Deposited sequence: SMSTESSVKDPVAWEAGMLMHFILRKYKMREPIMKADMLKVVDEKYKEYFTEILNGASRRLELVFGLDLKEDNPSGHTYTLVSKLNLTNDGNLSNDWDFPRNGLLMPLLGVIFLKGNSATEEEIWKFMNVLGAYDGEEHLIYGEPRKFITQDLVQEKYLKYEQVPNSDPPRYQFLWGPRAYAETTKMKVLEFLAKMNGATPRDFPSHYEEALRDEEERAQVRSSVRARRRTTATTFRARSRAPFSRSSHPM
């Protein structure tokens, strides 16, 4: 699937251009199609909250916890693999975002310290065991739902929550349990 990887590289390029005080025009990223730029735009709009793809980027927040933008994706993949994800699967997910162990990510910083310490200290995640796995934290259970995280998890690599039968059923049951 070279075109998804192409959109990912274009997204990395647009992120580098956005963080630094550098402009972003179509001809600039042409040499470095419409499906690929639309994919880069969807990735920027969902993972980082960057709307427009000469272009002009407009953001959403990013009392600002920009790195916490990573949280709902993670809570998604954990919910995708039942309710607990292997650390290897988590790192595989972090890779397509461009975040690598011991690497200073452009926005997240070093990802291991952020996801096994910060998000754990904040009760958003749990990181337990010589193999480790990630699970939802109590803050996650309190501040979002299985249905909202399923909506997010489907919005990328999917379309609707109904495409996941068992997951949509579990989110319905979770909504019924919460209403009590």
Next on the checklist: Missing C-alpha coordinates: which residue stretches of the deposited sequence does that apply to?
Outcome noted: 1-9, 42-49, 71-77, 87-96, 164-169, 221-251
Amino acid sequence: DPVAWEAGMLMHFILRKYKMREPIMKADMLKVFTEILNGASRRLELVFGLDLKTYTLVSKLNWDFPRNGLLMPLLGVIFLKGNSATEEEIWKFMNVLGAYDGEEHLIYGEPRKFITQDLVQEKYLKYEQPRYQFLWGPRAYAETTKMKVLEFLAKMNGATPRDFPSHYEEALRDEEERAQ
From here on, numbers count along this sequence of modelled residues.
Item to check | Comparing 135-143 with 63-71, the one whose average Cα B-factor in the PDB entry is higher | outcome: 63-71
Checklist outcome for this item: Mean B factor on CA atoms, stretches 165-173 and 17-25, record says higher is 17-25
Checklist entry - Based on what the PDB entry reports, which of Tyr55, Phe48, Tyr124, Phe152 has the top C-alpha B-factor? => result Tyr55
Next on the checklist: Which third, lowest, middle or highest, does the C-alpha temperature factor of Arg42 belong to within its own chain?
Outcome noted: middle
